[PDB]
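Trainee: Handing you a structure now.
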4 protein chains.
Amino acid sequence: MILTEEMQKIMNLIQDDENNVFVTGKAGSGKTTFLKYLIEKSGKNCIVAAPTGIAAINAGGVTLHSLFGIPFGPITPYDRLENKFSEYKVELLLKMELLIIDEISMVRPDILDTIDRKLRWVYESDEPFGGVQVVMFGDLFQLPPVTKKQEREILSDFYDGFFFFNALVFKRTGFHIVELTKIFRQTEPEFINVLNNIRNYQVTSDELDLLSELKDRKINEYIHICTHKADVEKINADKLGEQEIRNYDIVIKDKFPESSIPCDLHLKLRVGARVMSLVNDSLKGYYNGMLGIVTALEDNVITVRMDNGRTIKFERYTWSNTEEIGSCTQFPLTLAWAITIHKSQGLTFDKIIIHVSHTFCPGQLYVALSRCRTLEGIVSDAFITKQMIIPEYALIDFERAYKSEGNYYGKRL
Amino acid sequence: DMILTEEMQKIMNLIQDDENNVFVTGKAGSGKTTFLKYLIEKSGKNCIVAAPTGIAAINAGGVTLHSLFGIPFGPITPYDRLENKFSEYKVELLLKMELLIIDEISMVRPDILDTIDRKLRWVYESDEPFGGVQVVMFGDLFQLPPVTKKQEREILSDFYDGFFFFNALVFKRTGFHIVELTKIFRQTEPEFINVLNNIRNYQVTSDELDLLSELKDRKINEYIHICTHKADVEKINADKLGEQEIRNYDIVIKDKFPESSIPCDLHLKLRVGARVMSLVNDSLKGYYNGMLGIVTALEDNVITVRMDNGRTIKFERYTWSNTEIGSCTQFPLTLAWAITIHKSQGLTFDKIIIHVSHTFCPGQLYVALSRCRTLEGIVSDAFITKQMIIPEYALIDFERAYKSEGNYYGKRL
Amino acid sequence: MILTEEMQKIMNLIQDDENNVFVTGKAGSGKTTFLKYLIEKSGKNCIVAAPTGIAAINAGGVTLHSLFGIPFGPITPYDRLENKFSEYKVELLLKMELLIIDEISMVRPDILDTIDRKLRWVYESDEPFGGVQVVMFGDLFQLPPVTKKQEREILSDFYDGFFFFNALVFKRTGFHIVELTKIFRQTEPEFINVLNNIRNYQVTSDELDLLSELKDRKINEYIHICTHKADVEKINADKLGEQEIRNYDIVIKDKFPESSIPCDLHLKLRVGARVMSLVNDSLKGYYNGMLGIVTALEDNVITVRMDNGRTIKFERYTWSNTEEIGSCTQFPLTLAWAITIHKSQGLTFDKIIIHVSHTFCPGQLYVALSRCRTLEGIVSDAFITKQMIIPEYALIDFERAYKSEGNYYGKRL
Amino acid sequence: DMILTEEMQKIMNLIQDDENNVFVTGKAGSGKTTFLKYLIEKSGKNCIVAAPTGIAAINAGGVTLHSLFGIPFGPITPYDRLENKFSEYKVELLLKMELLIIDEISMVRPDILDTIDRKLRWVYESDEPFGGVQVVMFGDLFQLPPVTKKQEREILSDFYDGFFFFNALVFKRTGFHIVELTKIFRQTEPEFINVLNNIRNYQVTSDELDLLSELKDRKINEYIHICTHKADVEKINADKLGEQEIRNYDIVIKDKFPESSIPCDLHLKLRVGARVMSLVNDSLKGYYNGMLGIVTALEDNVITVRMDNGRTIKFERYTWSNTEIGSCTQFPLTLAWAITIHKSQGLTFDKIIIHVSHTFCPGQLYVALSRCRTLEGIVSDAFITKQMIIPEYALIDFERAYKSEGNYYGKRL
DNA sequence: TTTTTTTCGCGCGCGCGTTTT
DNA sequence: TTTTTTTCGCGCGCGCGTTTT
Ligand SMILES: Nc1ncnc2c1ncn2[C@@H]1O[C@H](COP(=O)(O)OP(=O)(O)O)[C@@H](O)[C@H]1O
Ligand SMILES: Nc1ncnc2c1ncn2[C@@H]1O[C@H](COP(=O)(O)OP(=O)(O)O)[C@@H](O)[C@H]1O
Ligand SMILES: Nc1ncnc2c1ncn2[C@@H]1O[C@H](COP(=O)(O)OP(=O)(O)O)[C@@H](O)[C@H]1O
Ligand SMILES: Nc1ncnc2c1ncn2[C@@H]1O[C@H](COP(=O)(O)OP(=O)(O)O)[C@@H](O)[C@H]1O
Ligand code: ALF
Ligand code: ALF
Ligand code: ALF
Ligand code: ALF
Ligand SMILES: [Mg+2]
Ligand SMILES: [Mg+2]
Ligand SMILES: [Mg+2]
Ligand SMILES: [Mg+2]
């Protein structure tokens, strides 16, 4: 691992200055690698979180929703929060000196405000975030936070936009913006060039021509990633096959809409199947997004050898729909040869097959291509076109604002 | 017919070097207390044996820590003044001692160990930890933890990072090796052992617990009743006592003595043939806290009991002091067909009836089940469930720390 | 009031000797008058009770069932008692030094044993009645305790008879028997003579001839008393009339057999109606058996001027049938021109009309006649015959036993 | 326009004889505190005024008993040693005093009066009760009783037959007359008064309580909120405070000071116009415990308040001691739109909102309702029921005792 | 069109509401 | 066929289980 001069300056900033900091940079600029270095070398008590389970594991932490007990759905400044933290969690949050959030680009502003409110409650303080110093890592030109149209309508009454920096807490505090400008994941200068111009919406037809060889390229080592969950399910079912399959049915109890069920209705597995854990269970040593391989199937237990070498015996898990109207019980596992691009953000691969024939988020195409260390390792189902790129001009405005104002956003303290 | 294993031999040879403290640990029934007695018999050192409970002390051949070291009740801080009122007999015994042996260390508070450190340094007029005495601790942190109330923990929390023996402040100035015995002797059934072990470490599954389904209401005075709660113990003892030929002995209280602080029975009810336990130590008369016997005669002021160890003892009334404001006088005996799980820790039985429908301590269910040599010898009032298992995550942290640092904890010398 | 030599000897016995005492004597021998004197002059803390509400008021106390929280129905030595005493009641019973029970002849043995068990519970003692000294007043040749045939069958498995002295506590303790032999209520020697021979079953036809003038004697001052509740209801309804009547209906909620309802189904009242309270409410100043006159009737309040001068506003009361299956709500009042002979025991009147054409209890005829200060004040509906007298030969045996054994019954201490 | 009644004149003339203590009592709003001020104005005696609560003391023109006599918290037994640390100013004031005036005596513990007795006898170097000072007590035993926890009562129960002021041991060596004021002035509606009176003495009926049906959710900053619970007070105060232009002042705690022992606000939140109350006495600066005012300015270290009495005061931070182990520093102010019923006792209002859905003290409901001059001025959150009434039977006994013994209690001199 | 929580538990006890230099 | 109970209450907190000369 190489410690660059940019990284050294940021280390010294964080040690000398308690202000919040946004550490940003293009795909594969070493942000998560540097995150882990910062903690190891800092003398501070650090807690690591991320918006998705996979990204959290990649950073060595847990989801924001788990750490802070955050409910699903949009949270307005007038909603009352249930403060039901255990004493271990209160103590952990009080002991914490540095809150580290990775992949900040996918964090909603009301999530950050909920964290602010919950930390101020835990600390019994009026200081933003309870006085904890916050260091955020990510790339706003990758995927934005997941919001449904109805949620955006509710939030639009209080928020001028749907990115983390729109949080109301940044009227009372702010952060420096620093950037890492050396690419490490890729080494080919022309591949990097097209990536960068996709990222900032300034790619030309001629530059995208470099990627013509991706589509239907002639070749279990290749990882599939898809824009759509429906595509993920088809690819996973194909790779699963019909040899030696066991089926495990969900048990639903009372109210539980089918579109709200967090798990598989009919979990179909075989020995050798690539799977992902859906839930966190620190007692059993597994966490949301951890990957492994099924090694045995029984009546009430599924055995999976995790990538980290641990063998785990999974039992069924019970979700609540809330006030407990209905519940559902099922093994917390799902097939995982294919994954969404949203879940892929943060990971690195040598060989990938991307399914981007229909993109619908800013940054989605950019994230998909930038997972791979080399150009030759990408296969595509479709020619790469400018129509796959969706600009978000509110991000141009944001960067223009802080870059012309001393690389700082929000209330100066 | 006592097997000396290779693990036991290595520990003997380790201890030879009178400069490194050692924690000898291992699962229930791995021969820990058996090996303690071997170490002493074969060592050339002057050894003293102690344990936190009277039953465990007798089982190890020693006395309670509170009796040996004159320890008061309630939390002791490093700033509390200790009464150093040892007789010359006791001072001489402690000066002659070369090896302090503590069994069932898991139930020893950290402030208890520090009080022992302070008292031994006073006796030895030394600044060396424990007065220079070598300390060998025996037990299993995954059995019952020390009994503490929330208020006592609150006082201690200003000085201690946790409430286990290894949190003692003396282990900033000294430390100990950790060694383990990994062969189970008490049980012989491999599948029974596997369920015990997986209950112990919080990773038992529903399917494994199905092995224990036959415990509840199993069809069969040979069975020993072991209960989570003292109130249940009292009910079972009164049933077995019956109403035939009962004699009652009332406590005499003199002045101030809260009823919740009385150490003995308020109304001691006995008959010839009753199974009883001594509550106090009187080495001159040959009886000790936790010793078991059978009532052979009842008189106005004398109860004759033939002890299990073959001695016949004539018990008279004993006088406790509450400090001197008030006192209470009563025979130091109590019924003992039934006992608490806390009192059972350390003992072995062939046939038991366990009352674990309500467990409230980590390790409580594990201790209860692991007393019995065979599965068939256990009867339960309730199905055994995961809700009976209570994790103590401070123990996971502790084992992770010492296992990665050479099986040693505390200040390296 | 005259203090006789018999009374003086009993006073000195009770002061010098903590043994229990049965104070007995014929009707109108001053027992209840002397009871009140004993308390006034004793230095002991005394509590007064009686089996019926009227008798309790006459003695200045409360019913045994209320004082000790006794359920209805027979209580066997194997039934478990609910010990649900308030702290005031526990303290009152602990403060009590002398338990005084009037009209003991109507107290069942299992009631006394329940009191024994409850007092031993309150005092945490094995001494009979918790060590309290018990002084009982009454006349075994008056009415016996009320028992139904089914209750007698249950009790006959444990009890050799159905009088208070058959209680099992009198195998562990006993009492002196003393007697008052001077009649005060009546002054006519020949009236006294016939009363006495009715009482002891040795009246002759010629002696009963003295009472011939009672039947249909030519004359609101006369009080009616009846053997049967049905007769009481008819006489009360006659005297109530149909002028200016208001009706108040019971509200029954769920399970409540009509033969188990403690109150009136359709309470019919008018201003001027003679009524009796059915329940105790010390807060409002009224108690079971207290007598008064209705002064006003409203929608939800009935106003009664009690004999003691207090004006009371009665609201509806709610009984429980038990575990609360059903309940009933009603004003705790009932008409009371007529009363049963059982309720009359203990009271004195100048003028009475007795309805004894059908008697069914030993002592019933004797109690009815002996309420009146003079012979001329009695009117009867029927000629007085030997068939109205029902001997209980178990009482002859009892008196023979104690009179020949030093006027003591039970275990001598 | 203050009416001097014949009852008041007789009490004035009674007191003239400086050798008989007097208890002046009467129902809520009978002019007791008004007459107190008259007695002093017209008496030629040197009078000192005190009360158990700060609000009541201000209402009577005096100071708290704890401040006047330097009384520690917690129960004081006759064997506890008192710190007699009075300044010469205080000693001289107490020596000059001729009449000790105590208002709201119902909330005064008996051990408090004995501490005052002991301290005055020390100051006067005398064995005469209260040092020979004449004591006149004002209050209503059917309002709130003194605040005691069960543990404090347990300690005191070894020496005291009850927990009201008249149980003080000094009343074995002295006594007092009881006089009463029986004309209500605060209210004028006879039917409203009748319901107040019948709630007060535990004899209100359902039909009488029907008069109060219109209280619940009555349609209307003029209304004062009075609550049973401090937690409710805090909620109402925060609502009225709002979130416009709020300044927060945090407590500074230094070392040992349990959070449940802090006398002030942890986070004092204020704005200009906020209704506040002083928490401490500083006679030099002209403010006293319970004095009410309005915030006029907020600064870093100074809050300017125009008091109700016309004085403008500049409050600085105050330092409490916990004994010296730890201390806490904070402005001695708290919001006071809402107040507890305990703090309201003694005050009069035209318009109130009472929160009595959960009452837990005798007299609490009565005090709440009786603050208001008219029925229409009361709004309630709940229907008024008999379950809100809590009898204290020790008061019935007390009134029975003194009323039958010449309206005098204690040792007659 | 895309993602995302929560460390054991039944039961009795009794606080609640006040107050210093 | 005849007589006879029980003094406020919702809610949070946390014990439980141990131990001297
Ligand atoms: N300082 C570095 N030295 C060497 N290789 C690096 C360095 N930083 C990143 N890399 C490589 O590039 C990859 C990018 O890591 P990561 O921080 O997860 O991506 P991003 O920079 O987009 O957050 C790493 O997996 C690593 O292989
Ligand atoms: N080396 C050995 N050979 C034979 N039996 C043994 C050996 N070690 C222990 N045991 C048996 O295993 C059981 C465990 O008893 P004990 O040592 O008191 O509990 P623990 O091992 O949990 O301290 C005892 O019955 C003992 O006889
Ligand atoms: N010692 C006495 N002196 C005068 N009159 C008495 C005396 N004892 C009883 N009486 C009269 O006789 C009546 C009997 O009283 P009581 O004791 O109730 O009846 P009993 O003696 O049957 O219990 C009293 O009401 C009273 O009028
Ligand atoms: N003699 C009087 N004449 C006129 N008003 C009076 C008289 N006595 C009391 N009041 C009024 O009755 C109300 C009762 O107030 P206060 O005396 O403080 O309460 P309490 O009487 O309960 O001590 C006050 O508003 C007071 O003005
Ligand atoms: F954090 Al990245 F690609 F932006 F792994
Ligand atoms: F650890 Al053991 F009996 F001493 F299980
Ligand atoms: F007690 Al009676 F007649 F026997 F009044
Ligand atoms: F007794 Al008051 F206001 F002083 F009701
Ligand atoms: Mg990253
Ligand atoms: Mg052992
Ligand atoms: Mg009588
Ligand atoms: Mg007043």
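Each chain in the structure tokens gets a letter, A, B, ..., in the order shown, and its residues are numbered from 1; ligands are numbered from 1 in order too.
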Give the residues of chain D that lie within 10 Å of chain C; count only C-alpha atoms, and format the answer as number ranges by chain.
Mentor: D: 201-207, 391, 393, 396
Trainee: Kindly work out which residues sit at most 6 Å from ligand 2, using only C-alpha atoms (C1' of nucleotides) and all ligand atoms, and give the list as a ChimeraX atom specification.
Mentor: /B:2-4,28-34,185-186,346-347
Trainee: Generate a file of the selected residues that holds N, CA, C and O atoms, formatted as a PDB file, in the first residue's frame.
Mentor:
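Output file part16.pdb follows:
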```
ATOM      1  N   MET B   2      -6.855 -41.949  37.806  1.00  0.00           N
ATOM      2  CA  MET B   2      -6.880 -40.567  37.338  1.00  0.00           C
ATOM      3  C   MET B   2      -5.855 -40.396  36.222  1.00  0.00           C
ATOM      4  O   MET B   2      -4.656 -40.608  36.436  1.00  0.00           O
ATOM      5  N   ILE B   3      -6.326 -40.008  35.040  1.00  0.00           N
ATOM      6  CA  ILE B   3      -5.463 -39.903  33.867  1.00  0.00           C
ATOM      7  C   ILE B   3      -4.745 -38.560  33.883  1.00  0.00           C
ATOM      8  O   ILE B   3      -5.378 -37.501  33.970  1.00  0.00           O
ATOM      9  N   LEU B   4      -3.419 -38.601  33.794  1.00  0.00           N
ATOM     10  CA  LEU B   4      -2.606 -37.402  33.618  1.00  0.00           C
ATOM     11  C   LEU B   4      -2.387 -37.184  32.125  1.00  0.00           C
ATOM     12  O   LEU B   4      -1.659 -37.945  31.480  1.00  0.00           O
ATOM     13  N   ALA B  28     -16.650 -27.187  31.125  1.00  0.00           N
ATOM     14  CA  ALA B  28     -17.172 -27.944  32.259  1.00  0.00           C
ATOM     15  C   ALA B  28     -16.687 -29.387  32.209  1.00  0.00           C
ATOM     16  O   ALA B  28     -16.753 -30.039  31.164  1.00  0.00           O
ATOM     17  N   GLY B  29     -16.213 -29.888  33.347  1.00  0.00           N
ATOM     18  CA  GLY B  29     -15.897 -31.300  33.453  1.00  0.00           C
ATOM     19  C   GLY B  29     -14.684 -31.731  32.661  1.00  0.00           C
ATOM     20  O   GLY B  29     -14.567 -32.910  32.319  1.00  0.00           O
ATOM     21  N   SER B  30     -13.773 -30.805  32.359  1.00  0.00           N
ATOM     22  CA  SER B  30     -12.513 -31.110  31.695  1.00  0.00           C
ATOM     23  C   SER B  30     -11.394 -31.473  32.663  1.00  0.00           C
ATOM     24  O   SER B  30     -10.233 -31.546  32.246  1.00  0.00           O
ATOM     25  N   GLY B  31     -11.705 -31.697  33.935  1.00  0.00           N
ATOM     26  CA  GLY B  31     -10.693 -32.100  34.888  1.00  0.00           C
ATOM     27  C   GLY B  31      -9.954 -30.964  35.552  1.00  0.00           C
ATOM     28  O   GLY B  31      -8.864 -31.189  36.091  1.00  0.00           O
ATOM     29  N   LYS B  32     -10.506 -29.747  35.526  1.00  0.00           N
ATOM     30  CA  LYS B  32      -9.787 -28.594  36.058  1.00  0.00           C
ATOM     31  C   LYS B  32      -9.571 -28.732  37.560  1.00  0.00           C
ATOM     32  O   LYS B  32      -8.452 -28.558  38.057  1.00  0.00           O
ATOM     33  N   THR B  33     -10.638 -29.031  38.303  1.00  0.00           N
ATOM     34  CA  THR B  33     -10.520 -29.116  39.755  1.00  0.00           C
ATOM     35  C   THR B  33      -9.767 -30.378  40.161  1.00  0.00           C
ATOM     36  O   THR B  33      -8.995 -30.369  41.128  1.00  0.00           O
ATOM     37  N   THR B  34      -9.971 -31.468  39.415  1.00  0.00           N
ATOM     38  CA  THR B  34      -9.187 -32.685  39.608  1.00  0.00           C
ATOM     39  C   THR B  34      -7.695 -32.414  39.453  1.00  0.00           C
ATOM     40  O   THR B  34      -6.883 -32.886  40.256  1.00  0.00           O
ATOM     41  N   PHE B 185     -14.049 -35.142  30.524  1.00  0.00           N
ATOM     42  CA  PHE B 185     -14.076 -36.389  31.281  1.00  0.00           C
ATOM     43  C   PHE B 185     -15.424 -36.692  31.915  1.00  0.00           C
ATOM     44  O   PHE B 185     -15.816 -37.859  31.976  1.00  0.00           O
ATOM     45  N   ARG B 186     -16.136 -35.671  32.399  1.00  0.00           N
ATOM     46  CA  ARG B 186     -17.360 -35.904  33.164  1.00  0.00           C
ATOM     47  C   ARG B 186     -18.413 -36.613  32.320  1.00  0.00           C
ATOM     48  O   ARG B 186     -19.021 -37.598  32.759  1.00  0.00           O
ATOM     49  N   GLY B 346     -19.224 -26.638  40.096  1.00  0.00           N
ATOM     50  CA  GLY B 346     -18.115 -27.388  40.651  1.00  0.00           C
ATOM     51  C   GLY B 346     -18.436 -28.827  40.996  1.00  0.00           C
ATOM     52  O   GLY B 346     -17.513 -29.649  41.076  1.00  0.00           O
ATOM     53  N   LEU B 347     -19.706 -29.154  41.205  1.00  0.00           N
ATOM     54  CA  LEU B 347     -20.098 -30.483  41.644  1.00  0.00           C
ATOM     55  C   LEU B 347     -20.466 -31.365  40.457  1.00  0.00           C
ATOM     56  O   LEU B 347     -20.778 -30.885  39.364  1.00  0.00           O
TER      57      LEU B 347
END
```
Trainee: List all protein, DNA and RNA residues that have at least one atom no more than 10 Å from any atom of ligand 6, counting only C-alpha atoms (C1' of nucleotides) and all ligand atoms, and write them as a ChimeraX atom specification.
Mentor: /B:25-34,56,59-60,103-106,138-144,184,186,344-349,366-372
Trainee: So that I can check the surroundings of stretch 7-9 of chain F, please list as a list in words every protein, DNA and RNA residue that reaches within 7 Å of it, counting only C-alpha atoms (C1' of nucleotides) and ignoring chain neighbours fewer than 5 positions away.
Mentor: residues 360, 387 and 390 of chain D
Trainee: Those residues with C-alpha atoms, as an mmCIF file, in the first residue's frame please?
Mentor:
```cif
data_model
loop_
_atom_site.group_PDB
_atom_site.id
_atom_site.type_symbol
_atom_site.label_atom_id
_atom_site.label_comp_id
_atom_site.auth_asym_id
_atom_site.auth_seq_id
_atom_site.Cartn_x
_atom_site.Cartn_y
_atom_site.Cartn_z
ATOM 1 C CA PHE D 360 -51.189 9.136 44.102
ATOM 2 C CA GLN D 387 -60.517 6.742 42.512
ATOM 3 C CA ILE D 390 -57.006 8.648 48.806
#
```
Trainee: Using only C-alpha atoms (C1' of nucleotides), which residues sit within 7 Å of stretch 335-341 of chain D once same-chain residues fewer than 5 positions away are excluded, as JSON, numbers by chain?
Mentor: {"D": [224, 225, 226, 227, 228, 229, 230, 233, 236, 237, 275, 276, 277, 364, 368]}
Trainee: Please report as a Markdown table every residue of chain D lying within 10 Å of chain E, along with the nearest atom pair and their distance in Å (one decimal), using only C-alpha atoms (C1' of nucleotides).
Mentor:
```
| residue | atom | partner | partner_atom | distance |
| --- | --- | --- | --- | --- |
| D:52 | CA | E:19 | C1' | 7.4 |
| D:53 | CA | E:19 | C1' | 7.2 |
| D:54 | CA | E:19 | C1' | 8.8 |
| D:64 | CA | E:19 | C1' | 8.2 |
| D:65 | CA | E:19 | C1' | 8.4 |
| D:66 | CA | E:20 | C1' | 5.2 |
| D:67 | CA | E:20 | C1' | 5.0 |
| D:68 | CA | E:20 | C1' | 8.2 |
| D:69 | CA | E:20 | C1' | 7.8 |
| D:70 | CA | E:20 | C1' | 4.7 |
| D:71 | CA | E:20 | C1' | 5.5 |
| D:72 | CA | E:20 | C1' | 5.9 |
| D:73 | CA | E:19 | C1' | 6.5 |
| D:74 | CA | E:19 | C1' | 9.0 |
| D:85 | CA | E:21 | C1' | 7.8 |
| D:86 | CA | E:21 | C1' | 7.7 |
| D:87 | CA | E:21 | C1' | 8.7 |
| D:107 | CA | E:18 | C1' | 8.6 |
| D:108 | CA | E:18 | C1' | 10.0 |
| D:144 | CA | E:17 | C1' | 9.3 |
| D:145 | CA | E:17 | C1' | 9.8 |
| D:146 | CA | E:18 | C1' | 7.6 |
| D:147 | CA | E:18 | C1' | 5.6 |
| D:148 | CA | E:18 | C1' | 8.4 |
| D:149 | CA | E:15 | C1' | 7.5 |
| D:150 | CA | E:14 | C1' | 7.8 |
| D:228 | CA | E:17 | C1' | 7.7 |
| D:229 | CA | E:16 | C1' | 7.3 |
| D:230 | CA | E:17 | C1' | 8.2 |
| D:340 | CA | E:17 | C1' | 8.0 |
| D:341 | CA | E:17 | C1' | 8.3 |
| D:342 | CA | E:17 | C1' | 6.4 |
| D:343 | CA | E:18 | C1' | 8.7 |
| D:358 | CA | E:16 | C1' | 9.9 |
| D:359 | CA | E:16 | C1' | 9.0 |
| D:360 | CA | E:16 | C1' | 6.9 |
| D:361 | CA | E:17 | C1' | 8.1 |
| D:364 | CA | E:17 | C1' | 9.7 |
```
Trainee: Run DSSP on the backbone and tell me which residues of stretch 21-244 of chain B come out as alpha helix (DSSP H); list them as a PyMOL selection string.
Mentor: chain B and resi 32-42+54-60+65-69+88-96+110-124+150-156+190-200+206-209+230-241
Trainee: Would you kindly return, as an MDAnalysis selection string, each protein, DNA or RNA residue with an atom no farther than 9 Å from any atom of residue D:111, considering only C-alpha atoms (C1' of nucleotides) and excluding same-chain residues fewer than 2 positions away?
Mentor: chainID D and resid 75:78 108:109 113:116 156 160 163 165 167:169
Trainee: Put those residues in a file: C-alpha atoms, as a PDB file, in the first residue's frame.
Mentor:
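Below you can see result_11.pdb, which holds the result:
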```
ATOM      1  CA  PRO D  75     -34.713  11.501  58.067  1.00  0.00           C
ATOM      2  CA  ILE D  76     -33.261  12.821  61.322  1.00  0.00           C
ATOM      3  CA  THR D  77     -33.469  10.644  64.403  1.00  0.00           C
ATOM      4  CA  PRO D  78     -33.162  11.894  68.004  1.00  0.00           C
ATOM      5  CA  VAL D 108     -44.050  19.159  57.752  1.00  0.00           C
ATOM      6  CA  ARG D 109     -42.538  15.897  58.968  1.00  0.00           C
ATOM      7  CA  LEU D 113     -40.203  19.767  64.079  1.00  0.00           C
ATOM      8  CA  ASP D 114     -37.960  17.872  66.502  1.00  0.00           C
ATOM      9  CA  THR D 115     -34.845  19.114  64.705  1.00  0.00           C
ATOM     10  CA  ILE D 116     -36.228  22.648  65.047  1.00  0.00           C
ATOM     11  CA  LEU D 156     -38.286   6.802  61.515  1.00  0.00           C
ATOM     12  CA  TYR D 160     -42.482   7.681  65.619  1.00  0.00           C
ATOM     13  CA  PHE D 163     -45.494  10.508  59.833  1.00  0.00           C
ATOM     14  CA  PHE D 165     -46.245  16.830  62.276  1.00  0.00           C
ATOM     15  CA  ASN D 167     -46.329  12.778  65.804  1.00  0.00           C
ATOM     16  CA  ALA D 168     -43.252  14.808  66.778  1.00  0.00           C
ATOM     17  CA  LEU D 169     -41.668  13.742  70.058  1.00  0.00           C
TER      18      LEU D 169
END
```
Trainee: Quick one, how far is atom CA of residue B:117 from atom CA of residue D:256?
Mentor: 27.0 Å
Trainee: Which residues form the shell of 6 Å around ligand 1 when you count only C-alpha atoms (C1' of nucleotides) and all ligand atoms, given as a PyMOL selection string?
Mentor: chain A and resi 1-3+27-33+184-185+346+348
Trainee: Kindly compile the residues surrounding ligand 7 within 10 Å, counting only C-alpha atoms (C1' of nucleotides) and all ligand atoms, and format them as a VMD selection string.
Mentor: chain C and resid 24 to 33 35 55 58 to 59 102 to 105 137 to 143 185 344 to 348 366 to 372
Trainee: Taking 5 positions as the minimum chain separation for residues in the same chain, which residues sit within 10 Å of residue D:44 when counting only C-alpha atoms (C1' of nucleotides)? Answer as a VMD selection string.
Mentor: chain D and resid 16 39 98
Trainee: Env of residue A:161: 12 Å cut, atoms = only C-alpha atoms (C1' of nucleotides), seq-sep filter 5 positions within chain, self excluded. Answer as an NGL selection string.
Mentor: :A and (108-110 or 144-145 or 147 or 152-156 or 166-168 or 392-395 or 397-398)
Trainee: Kindly give the distance, in Å, that separates atom CA of residue C:183 and atom CA of residue C:228, rounded to a single decimal.
Mentor: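 Separating atom CA of residue C:183 from atom CA of residue C:228 is a distance of 28.4 Å.
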Trainee: Can you check which parts of chain A lie within 8 Å of chain E? Per residue, the shortest pair of atoms and distance in Å to one decimal, counting only C-alpha atoms (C1' of nucleotides), sorted by chain and number, as CSV.
Mentor:
```
residue,atom,partner,partner_atom,distance
A:51,CA,E:4,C1',7.2
A:52,CA,E:3,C1',6.4
A:63,CA,E:4,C1',7.9
A:65,CA,E:5,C1',5.1
A:66,CA,E:5,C1',4.7
A:67,CA,E:5,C1',7.9
A:68,CA,E:5,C1',7.6
A:69,CA,E:5,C1',4.6
A:70,CA,E:5,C1',5.3
A:71,CA,E:5,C1',5.9
A:72,CA,E:4,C1',6.2
A:84,CA,E:6,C1',7.3
A:85,CA,E:6,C1',7.2
A:86,CA,E:7,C1',7.3
A:88,CA,E:7,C1',7.8
A:146,CA,E:2,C1',5.8
A:227,CA,E:2,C1',7.7
A:228,CA,E:1,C1',6.7
A:340,CA,E:2,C1',7.9
A:342,CA,E:2,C1',6.4
A:359,CA,E:1,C1',7.8
A:360,CA,E:1,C1',6.0
A:361,CA,E:2,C1',7.9
```
Trainee: As an exercise, work out the distance from atom CA of residue B:137 to atom CA of residue B:155 in Å and give it to one decimal place.
Mentor: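 It comes out at 25.6 Å.
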Trainee: Restricting the calculation to only C-alpha atoms: of D:353, D:322, D:258, D:194, which residue gets closest to chain B?
Mentor: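 Among the listed residues, the smallest separation from chain B belongs to D:258.
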Trainee: Would you return as a PyMOL selection string the members of stretch 119-358 of chain A that DSSP assigns to strand (DSSP E or B) on this structure's backbone?
Mentor: chain A and resi 133-137+174-180+215+223-226+246-249+251-253+266-269+274-277+281+286+291-297+302-306+311-314+317-321+326-330+333-335+338-340+349+352-355
